[PDB]
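Per-entry structural report
Take a look at the letters that make up each chain.
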Amino acid sequence: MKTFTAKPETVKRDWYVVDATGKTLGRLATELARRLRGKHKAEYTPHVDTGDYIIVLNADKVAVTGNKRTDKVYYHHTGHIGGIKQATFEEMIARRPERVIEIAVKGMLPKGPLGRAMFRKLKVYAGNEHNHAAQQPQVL
Amino acid sequence: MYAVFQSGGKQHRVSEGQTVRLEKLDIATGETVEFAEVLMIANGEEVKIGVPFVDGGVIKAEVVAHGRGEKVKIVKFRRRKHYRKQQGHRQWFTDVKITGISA
Amino acid sequence: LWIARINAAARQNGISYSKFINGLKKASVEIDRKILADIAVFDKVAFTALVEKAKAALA
RNA sequence: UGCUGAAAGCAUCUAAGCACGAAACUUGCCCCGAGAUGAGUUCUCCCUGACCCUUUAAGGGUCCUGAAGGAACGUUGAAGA
RNA sequence: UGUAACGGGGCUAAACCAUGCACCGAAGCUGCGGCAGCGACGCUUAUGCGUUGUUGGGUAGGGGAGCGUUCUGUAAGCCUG
RNA sequence: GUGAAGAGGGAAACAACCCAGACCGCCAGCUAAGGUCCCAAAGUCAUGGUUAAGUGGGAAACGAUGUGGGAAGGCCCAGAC
RNA sequence: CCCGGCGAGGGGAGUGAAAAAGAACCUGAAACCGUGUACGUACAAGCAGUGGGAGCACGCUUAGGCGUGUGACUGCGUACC
């Protein structure tokens, strides 16, 4: 009789080339969360257990639109609080597809819970039509 | 048939379900009263021209049958947090449903 | 969940949940759209008609 | 440090734009590294005989002139917790 | 002593102020169940059931009400090898 | 203003300190004051200015050929810049 | 009677209602334990939850959403006095 819909594992994945990369980046990196969860595919389980498959194409184009770009740092200090620090900035690090300047969903599923199983389902292969290493069947 | 009933129950838009209503203030254990209180029930909800709500009242009444919910199902919780210690306390209520629309 | 079925495709038609609802509520018999609109999950192919009813002035 | 040259006929490294630069940021520097569970892979080498059991895409289970091989196999040792 | 003043991520207008509008929406009044206290009613009255009003977190005090391992008693009374 | 023998929704996580606010139920409705692109569950709505700085969640003693809205005024085509 | 250390303990007989009366003589749970039917599972967070539910060791049903517990997802939090 239930209104609920578990597993669902995963019933709606919408295989899409996220061309919005750079040319309206900071509008839709903010809402890649609400895409994996929702806004079209919201019709089953828009909060719990689910998975998605969005198609990556480029990475070093962050665009980002503010003074922030050449003076905002990122920090990991991965061992013993670092001590000796680091100071590269956003349009200088984005040259490399790493872990903090390119996924976006890092900051929107922001701890690890619910995110703990969906790290590289989007592949993060980067290099345009020369690098379509994604799904062989027909992506949108 | 697609009820217009809502008081303690407005899930109940299903044709049979089963789904709950109220047990009301007075006698609600008597089975039936055989009379019919309603006819603003549906129209396009049952036909080849579709609507999501109450536009019509199509010839099919709803009988007064509050049924036989007599064994005491699950009802009660308690109170403790700080020194708030109540562990009987709970004056009773319950829910019930219709006897099965013969139409 | 339940409102998903009246916004996911209806978005590209501009019929946006929060902003449609002022138009709709101008009719005093059309109040309870909350749960009763959920039939839209299977009903799509003849549910497409529903928004014609007052469009002249509604849209 | 100054180049053209203006904001404001002036004066001028900046405004629009350039070219270099240091324990410094970076960086195939030096040293380990998916044990970074994102779970990727090149290079090179190696296995193809018969079948059974239903509660079937879930599997469960046998038997092949016994192969080349494997660690205890006799003392250790170079590391021996 | 790990950038650590909204919890983030900083958003070039999504804002910042004024003017329209409908969604979210604590235990917050509503659906409609049950009802302990002190009051008013229809009558009843040994008294009580419903209507009507005030309303239902409870260590200082005073009200005033439920039940037991069984002892001393209900009972050669009825119960059970 | 009822503070705890009051619990947890308020104004930041200043149990007290603005004050009326919970018995106990729902696959049911919503009230304010925080907001309302987000982890986060409703408009990239319509309708008017400002703003072009990363301004918003660091001001106090001053500054300044960058601009913005308003009403008076000075100077100027017998020639003021 | 049978094994083993010319032992300890059991596997059947058996006085016996009984060895769950067997001389570490009480007809008898408690602090803690061993092999197992299935779980969750060698990326761990926050009194180890009651929720909300997939299907799993097993069980009933002329099909009828239930009789069963560690508890994938995560939500709620601070149980004391």
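The scheme used for residues numbers each chain from 1 in its written sequence order. That scheme is not guaranteed to match the entry numbering, and residues without coordinates are omitted from view. Chain labels run from A onward and ligand labels from 1 onward, assigned in the order the entries are written. Reported quantities concern only the chains on display, which constitute a fraction of a larger assembly. To get the side-chain values, take all heavy atoms of the structure and skip hydrogens and water.

The deposited coordinates for this entry were obtained by cryo-EM, with a reported resolution of 9.0 Å.

**Quick word on the protein's contact with RNA strand F**
Taken together, 32 residues lie around RNA strand F, and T30(A), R37(A), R11(C), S16(C) and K34(C) are the ones closest in. Distances are taken per atom, and a residue is near a molecule or strand as soon as one of its heavy atoms is within 4 Å of it. Per the 4 Å cut-off to the protein, sugar and phosphate atoms form 80% of the nearby atoms of RNA strand F. Polar contacts, as counted here, are pairs of nitrogen or oxygen atoms within 3.5 Å of one another; within protein the pair requires one atom able to donate a hydrogen and one able to accept it, and residues that are adjacent in sequence qualify only if both atoms are side-chain atoms. Between RNA strand F and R34(A) there is a distance of 2.9 Å, counted from a phosphate oxygen to a side-chain nitrogen or oxygen. A distance of 2.6 Å separates a phosphate oxygen of RNA strand F from a polar side-chain atom of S16(C). Only runs of H or I of at least four residues qualify as helices and only runs of E of at least two qualify as strands under DSSP, and these elements are numbered from the N terminus. Elements represented by at least two residues in the surface near RNA strand F include exactly α2 (32–37) of chain A together with α1 (17–25) of chain C. Residues are grouped as follows: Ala, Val, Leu, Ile, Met, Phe, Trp, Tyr, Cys and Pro are nonpolar; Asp, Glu, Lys and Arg are charged; every other residue, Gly included, is polar. Looking at the surface near RNA strand F residue by residue, the class counts come to eight nonpolar, nine polar and 15 charged.

**Regarding the pattern of salt bridges**
Here the idea is simple: oppositely charged side chains can pair when their charged atoms come close. Here a salt bridge means any side-chain nitrogen of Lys or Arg lying within 4 Å of a carboxyl oxygen belonging to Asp or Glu. Using the criterion set out here, one finds twelve salt bridges over all chains in the structure. A salt bridge links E43(A) to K12(A); the nearest nitrogen and oxygen atoms lie 2.7 Å apart. Within this pair, whereas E43(A) is found in the loop between α2 and α3 (90–93), its partner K12(A) is found in the segment before α1 (25–28), the two being separated by 31 residues in sequence. Exposure categories follow from relative accessible area, calculated using a 1.4 Å probe and restricted to protein chains: below 20% of the type maximum is buried, above 50% is exposed, and the middle band is partly exposed. Judged by its relative accessible area of 18%, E43(A) falls in the buried class. A salt bridge links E45(B) to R13(B), with the nearest nitrogen and oxygen atoms 2.7 Å apart. Taking relative accessible area as the criterion, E45(B) reaches 24% and is therefore assigned partly exposed. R13(B) gets classed as buried once you look at its relative accessible area, which sits at 14%. The structure contains a network of salt bridges with shared partners spanning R35(A), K41(A) and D52(A).

**Description of the side chain of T45(A)**
All names here are of chain A. Looking at the element boundaries, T45 is found in the loop between α2 and α3. Only 2.9 Å separates the side chain of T45 from the side chain of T5, close enough to count as a polar contact. Every residue pair with non-hydrogen atoms within 4.5 Å of one another is taken to be in contact. The residues contacting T45, other than those within four sequence positions of it, are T5, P8 and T50.

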